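Visitor: build me a model:
(4 chains, ligands or ions: 2)
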Amino acid sequence: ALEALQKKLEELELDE
Amino acid sequence: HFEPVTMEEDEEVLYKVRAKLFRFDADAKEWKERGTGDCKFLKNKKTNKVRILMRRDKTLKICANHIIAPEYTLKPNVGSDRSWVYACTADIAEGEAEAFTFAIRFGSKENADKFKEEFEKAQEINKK
Amino acid sequence: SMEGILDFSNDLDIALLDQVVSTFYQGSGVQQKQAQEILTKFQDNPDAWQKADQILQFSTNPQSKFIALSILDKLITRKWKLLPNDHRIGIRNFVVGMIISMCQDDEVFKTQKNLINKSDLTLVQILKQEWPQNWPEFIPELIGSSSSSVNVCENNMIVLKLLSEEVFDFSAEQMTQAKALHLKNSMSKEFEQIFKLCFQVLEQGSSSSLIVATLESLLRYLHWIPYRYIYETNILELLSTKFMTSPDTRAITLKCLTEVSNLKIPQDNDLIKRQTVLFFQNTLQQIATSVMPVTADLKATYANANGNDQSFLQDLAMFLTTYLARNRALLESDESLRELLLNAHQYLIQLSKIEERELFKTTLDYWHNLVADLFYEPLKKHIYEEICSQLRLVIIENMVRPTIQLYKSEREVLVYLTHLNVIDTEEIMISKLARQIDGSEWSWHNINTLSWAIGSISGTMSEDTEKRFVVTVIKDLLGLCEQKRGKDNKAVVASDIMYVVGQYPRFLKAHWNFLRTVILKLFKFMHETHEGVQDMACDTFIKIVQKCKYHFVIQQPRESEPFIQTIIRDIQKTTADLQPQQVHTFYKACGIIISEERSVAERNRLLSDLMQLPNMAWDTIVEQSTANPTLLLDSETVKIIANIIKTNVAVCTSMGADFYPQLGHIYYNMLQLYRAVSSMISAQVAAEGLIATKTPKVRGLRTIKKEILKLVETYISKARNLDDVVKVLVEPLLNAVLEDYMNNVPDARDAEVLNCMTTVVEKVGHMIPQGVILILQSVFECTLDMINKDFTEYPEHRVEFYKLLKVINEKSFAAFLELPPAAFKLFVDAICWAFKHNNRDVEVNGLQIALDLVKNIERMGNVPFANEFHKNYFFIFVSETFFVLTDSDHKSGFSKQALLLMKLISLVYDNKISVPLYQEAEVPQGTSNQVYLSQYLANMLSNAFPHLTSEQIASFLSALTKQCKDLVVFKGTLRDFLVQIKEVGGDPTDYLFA
Amino acid sequence: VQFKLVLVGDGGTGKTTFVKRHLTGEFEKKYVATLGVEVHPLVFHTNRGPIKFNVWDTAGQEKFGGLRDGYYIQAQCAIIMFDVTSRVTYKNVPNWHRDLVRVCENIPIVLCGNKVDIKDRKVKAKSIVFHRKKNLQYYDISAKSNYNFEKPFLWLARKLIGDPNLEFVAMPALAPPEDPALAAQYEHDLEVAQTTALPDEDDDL
Ligand SMILES: Nc1nc2c(ncn2[C@@H]2O[C@H](COP(=O)(O)OP(=O)(O)NP(=O)(O)O)[C@@H](O)[C@H]2O)c(=O)[nH]1
Ligand SMILES: [Mg+2]
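Guide: Numbers count the residues shown, from 1 in each chain, chains lettered A, B, ... in the order given. Ligands and ions are numbered 1, 2, ... in the order given. Here you go:
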């Protein structure tokens, strides 16, 4: 589940 | 059927900046702080006169309460690029309208410059 | 008109006294202000004590009687032994003869408690002077009188209470060792009779006022009485049962039992052990049945603040933590005592939920004590598994931002608790995270507190368990940020994600792709205009780097270059939106990584590439500001220069010795810049006056000088090649700063110059003896003149001045030997000048320099300079040290004054001063220095303290010189002297105490 | 509805500076030792109405102590002050407390460690435990940075009124009101004020 965690963080942004 | 168990509202906020307010002790040739907190530009909705209201942090005590008269002029201080000096003839922060020479300092030169613009954009309103 | 009673020629108009007294206590304004000044001059009149006879008898104002008891108290305390003997009997009979009457009139006995207490204390002051040598029947007559009147029996408990405090609790500083011992021995010899009266009062009831006042006096006795009075009588059962039931006696009884839990008892008697169990079992039972059950919500009770509930809950926590820290082993083996042990800890659990910072620290200290023991002691942790399980949640939910002292305490307890049960800790934290996700406990404060708790237990789980725990947490946190609406909410959760990630470097090290992703997210967050995000991203970046730097400097599998090169390449765009201070942190972080590269050529190359942007901006400014110095009159140019230097300071801070190549790239032009700036400041002060130093323009210029000095100080403090520091750096530095400092007006002299020079002398001072001489020549006399007119002006210059003289005295003492005799005299003056400062940063250095200078002179042996030094300055140092020891205004430096004095005195009683310290005319030939030292000291003290007898001065000096190889005894003799000068008629035999 | 507050502590711990900050908002940089005592009325505005403290600011230096424990009579609350940069001022705290509670046997008392704004702190937090067995409220404060400067009065107000939920509230601000014979003198006072540099220009505000 380490590769999924990586991509989930790259998708993190503050704006909607 | 079951039974179940500041006098500022009439005003609008033109400008709001955090600042420290100083009063000049002429008999001591010394600046004295009067308060630190939010400086607010308050226009009354039923007279459109813009005032200066400033309260100390925590204790919420008033350290400035006076009309932004169009005759007042903002002059810089010799030791600061983020402060303005001006004389005030009627301030009622501590009771009776007393005359005061005020200095007000801000976090940066930008806020000090923006304050002057808003201070002038308040003397226009109290002219009409 | 109120100034009439100040005229002692007439008689005291008592009616006029009660007016000015009431005008002071109940009045206001100017009428109260001077009336206060009149009462000061009246009370401070040396003859006002004999008028206390009339006031205490004729006045109707209780404040006036109080004030005159004070006037009496000053007399009993300071001049009692000087009085005619019959006056001592008059005052003593009078005071006994008023308390006798205030206790008989029940009206005044309950209306003027202040006045009777003030009279009781006055009596105790007399007892300290007269009892028991001239009053052997006080205690027996006190006991007899108690049996007649309940009001006097209660008041006698107040007298004994104050007596115990004066003798045992507050004597160490206020009386001599001898007089204290005399009084302790006297109380000790007659306590059997005092205890009997106290015990029978507590057993026979029944007046609550009398009982409480007896318990208050028992509290004091427990500080010093032997244990047999507590364990061989029935008093433990009375305290733990009877007196716990009534709320009137409850508070004081609980304090007595707290002190009982600290008694000195023998730990081998199984009978005493059972009494220690018994009174605890009784106390907890009374609490459960008369106050509140163990399930009660102490947090809500404390917040309601009814009556004395807060103080009671505070005393209960103090009682439980004190007892259990000492005695919980007594309850851990016996199966019948297991419920008592776990109920007591369950009250502590409930106490720990109270919202009261200082109370929490009290309970947190106990928990630390407990869990440390469960972690090291065999077979103990299974007893407390349910206590510990609750404690985990209490600590997790009250985690503070990482007071920093409190966070460390919470982290230490929570780390112990995680070792004790890793599985329980993970379940509690994941559950709390779920209650953050479903929104039942969602809050900014709540999510931050949890992240702190999660981050605090880093390095306590196995690496594999940690891996799946971290992944679960980051994933849930990532999902929580995903579901939240708005930048405010998503900034808080993203910050927490970064905090947790930053707290787990072991996990980041083993997963490079994830680590790279984090760092690239931080770089992205450095463009975020939202308040605090840029600050958070920078703080996380440097924190992660300090722990994972090795993984930025090596070439990771899967890639072409160490990630440090990738950071340096994009450094302009990464930082383009940051404030200057944030850019400096970024560069410092890079400097941390670079210092991990131990290939010199590779490290220098990384350094020069990292410094490319500041070096280019530097080269252009040094070009255009040299041609020609008008651009320094631009505020924008001044900021850019200051920011270039700060960048070098930041990188030099993390690289230290490795920074040298970059320092050499700018060094020579920097010092030239220092000169150019220095001229412009001097010019502006010439054109506008001293006020120019307050202008933004000059303050920006002095910032450049300051940053330059800080950069130089930073490299030299960490340098390894001292030879290059001496031969390349020091001389151009001194030419740039010394003369400019010496030849500026005082208001234009930067104290940072002295601080920079201190660093240079500290590091390479032993290698530049002519350099040290040049430093003293340029800064000593001119700085001394700035600071030797008062203790106020130029605070920084003051502290740095003595820091500099201290290091020069330590590392290049020869420079003071080369001073002209007039300059060496100012050096001695300056040291003594530092003695007189109440500023702790000056005074401690001043005393250390004195001590170190005496040692420097001693090590020179029997040579003319050492001989002249003692002839000129030995008694000056003995006199000046004695002055600050005895003037009551330099008490913070007593220990180092004592040390220095003992060194000076021991030099003479060992015969290391070869010269005679006297002129051969004033004292016969062959007279020892020891005999002259005693004569000099006796005369100096006789003139400085004329109220002392010759015998006192001689006995004091005899003990002092004999004890000059025993610091603890020597200091005791000084303290005895400091007491005796406060009064008249001090007993000279007191100095035979040791 | 007024309360007598006695303020005690060693000389130089900042008692007078703390009170002045509450009275006028100023920070007095100079040490001018109090002589005996200096009484000042101090009023706060709460959701339970106004509360007035008659602050008896007593003197710390012994030679200037005046009535000393005579100032404590009929005091209803107290503040004990020490300086976290001066170890001896904390060692004397039990002496001040002993003298105070012998006169005032049951009043709420706040222990204040002043000057926490100074980096080189000598009295560390974990060393400050005296309040525990005496049931004093303790606060780190700084009259210079105003860190926690309102807490000692807020806590005492809550104890003296008997309401744990009492809070400071903004008092109402009435409208402010609106000759050439003073134009020359107000301009005289202005030009000196402009050429007097404002203090503490390195501070963040
Ligand atoms: N850095 C700093 N200095 C403070 C602070 N509070 C007071 N001071 C300084 O401490 C010094 C003592 O001032 P003062 O208020 O008169 O102390 P005091 O306890 O009233 N003296 P006394 O008891 O003898 O009357 C002053 O110079 C003041 O500027 C503070 O919070 N921070
Ligand atoms: Mg004072």
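
Visitor: contact partners for the nearest residue to residue D:123 once chain neighbours are set aside?
Guide: Residue nearest to residue D:123 in three dimensions, not counting chain neighbours: residue D:84, with 4.4 Å by Cβ to Cβ, 6 or more residues apart in numbering or on different chains. For every residue, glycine as well, the C-beta is placed using N, CA and C. Neighbour list for residue D:84: D:90, D:113-116, D:118, D:121-123, D:140 [criterion: Cβ atoms under 8 Å, 6 or more residues apart in numbering or on different chains].

Visitor: filter those by proximity to ligand 1?
Guide: Restricting the contacts of residue D:84 to those near ligand 1 by Cβ under 6 Å from any ligand atom leaves D:114-115, D:118.

Visitor: got a quick PyMOL command for the buried subset of the contacts of residue D:84?
Guide: Per 16 or more other Cβ atoms under 10 Å in any protein chain shown, the buried members of the contacts of residue D:84 correspond to this PyMOL selection:
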select buried, chain D and resi 90+113+114+115+116+122+123+140
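
Visitor: which ones among the contacts of residue D:84 map onto strands?
Guide: Cross-referencing the contacts of residue D:84 against strands under DSSP state E gives D:113-114, D:140.

Visitor: okay, these in TSV with distance to ligand 2 next?
Guide: Compiled in TSV, these are given as follows (distance: Cβ to the ion, whole Å):
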residue	distance to ligand 2
D:113	17
D:114	12
D:140	20
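
Visitor: now do stretch C:59-79: everything it contacts.
Guide: C:14, C:17-18, C:21-22, C:25, C:39, C:43, C:48-49, C:51-52, C:55-56, C:83, C:91, C:95, C:112, C:114-115, C:118-119, C:121-122, C:125-126, C:129, C:982-984, D:67-70, D:73.

Visitor: can you pull out the strands in chain A?
Guide: Taking DSSP E as the criterion, chain A carries no strands.

Visitor: quick one: the helices in it?
Guide: Using DSSP state H, the helices assigned to chain A run over residues A:2-10.

Visitor: in it, which residue sits closest to chain B?
Guide: residue A:14 (24.0 Å; Cβ to the nearest Cβ).

Visitor: so that residue makes contact with residue C:531?
Guide: No - at 12.0 Å, residue A:14 does not count as touching residue C:531 under the criterion of Cβ atoms under 8 Å.

Visitor: out of these two, which sits in the busier spot?
Guide: Higher neighbour count among residue A:14 and residue C:531: residue A:14, with 19 against 9, using other Cβ atoms under 10 Å in any protein chain shown.

Visitor: excluding its backbone neighbours, what's nearest the residue in chain D that chain A sits nearest to?
Guide: Proximity to chain A, evaluated over chain D using Cβ to the nearest Cβ, is greatest for residue D:204 at 26.3 Å. With sequence-adjacent residues excluded and distances taken as Cβ to Cβ, 6+ apart, residue D:204 is closest to residue B:107, at 6.6 Å.

Visitor: residue D:80 in helix, strand or coil?
Guide: Secondary structure assignment for residue D:80 (DSSP: H, G, I helix; E, B strand; the rest coil): strand.

Visitor: got the phi and psi for the closest residue in space to it that isn't next to it in sequence?
Guide: Once flanking residues are discounted, residue D:80 sits nearest to residue D:111: 4.9 Å by Cβ to Cβ, 6+ apart. Per-residue torsions, residue D:111: phi -90, psi 130 (degrees, to the nearest 10).

Visitor: separation between residue D:111 and residue C:384?
Guide: Using Cβ to Cβ, to the nearest Å, residue D:111 is found at 33 Å from residue C:384.

Visitor: one step back: tell me what the residue nearest to residue D:80 is bridged to.
Guide: residue D:80, residue D:138 (DSSP bridges).

Visitor: so what's the residue count around it?
Guide: Neighbours of residue D:111 using other Cβ under 10 Å come to 24.

Visitor: correct me, but it touches residue D:140?
Guide: No - applying Cβ under 8 Å, one finds residue D:111 not in contact with residue D:140, separated by 10.3 Å.

Visitor: quick one, what contacts the residue of chain A found nearest chain D?
Guide: Nearest residue of chain A to chain D (Cβ to the nearest Cβ) works out as residue A:14 at 26.3 Å. For residue A:14, the contact set (Cβ under 8 Å, 6+ apart) comprises C:487, C:490-491, C:494, C:528, C:530, C:533.

Visitor: ok, the residues you listed vs residue C:959, which is closest?
Guide: residue C:533 (68.7 Å; Cβ to Cβ).

Visitor: tell me which residue in chain A sits closest to ligand 1.
Guide: Chain A approaches ligand 1 most closely through residue A:14 (38.9 Å), counting by Cβ to the nearest ligand atom.

Visitor: kindly report the same for chain B.
Guide: Proximity of chain B to ligand 1 (Cβ to the nearest ligand atom) peaks at residue B:33, 12.6 Å away.

Visitor: just give me the neighbour total for that residue.
Guide: Neighbours of residue B:33 (other Cβ under 10 Å): 20.

Visitor: name the residues linked to it by a beta bridge.
Guide: Going by DSSP bridges, residue B:33 forms beta bridges with residue B:22.

Visitor: circling back: please flag which of the contacts of stretch C:59-79 sit within helices.
Guide: Assigned to helices by DSSP H, the following of the contacts of stretch C:59-79 qualify: C:14, C:17-18, C:21-22, C:25, C:39, C:43, C:52, C:55-56, C:91, C:95, C:114-115, C:118-119, C:121-122, C:125-126, C:129.

Visitor: put the buried members of those residues into a PyMOL selection.
Guide: To isolate the buried ones among the ones in helices among the contacts of stretch C:59-79 in PyMOL, judged by 16+ other Cβ under 10 Å, type:
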select buried, chain C and resi 14+17+18+21+25+39+43+52+55+56+91+95+114+115+118+119+121+122+125+126+129
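
Visitor: overlap between the ones in helices among the contacts of stretch C:59-79 and the residues near chain B?
Guide: Near chain B, taking Cβ under 8 Å from any Cβ of the partner chain as the test, no member of those is found.

Visitor: how many other residues sit next to residue 11?
Guide: Here I'm looking at chain A. Residue A:11 has 9 neighbours, counted by other Cβ under 10 Å.

Visitor: not quite, go with chain D.
Guide: 19.

Visitor: that one in helix, strand or coil?
Guide: Residue D:11 - assigned by three-state DSSP - is coil.

Visitor: what sits up against the strand or helix carrying residue C:956?
Guide: Using DSSP states H and E, residue C:956 maps to helix C:950-962. For helix C:950-962, the external contacting residues (Cβ under 8 Å, 6+ apart) are C:905, C:909, C:930, C:933-934, C:937-938, C:941-942, C:945, C:970, C:973-974, C:976-977, C:980, C:986, C:988-992, C:994.

Visitor: from these, which would you call buried?
Guide: C:905, C:933-934, C:937, C:941, C:970, C:973-974, C:976-977, C:980, C:986, C:988, C:990-991.

Visitor: which ones among the residues you listed map onto helices?
Guide: C:905, C:933-934, C:937, C:941, C:970, C:973-974, C:976-977, C:980.

Visitor: re the thing from before, so how far is residue D:20 from the residue of chain B closest to ligand 1?
Guide: From residue B:33 to residue D:20 the distance is 10 Å (Cβ to Cβ).
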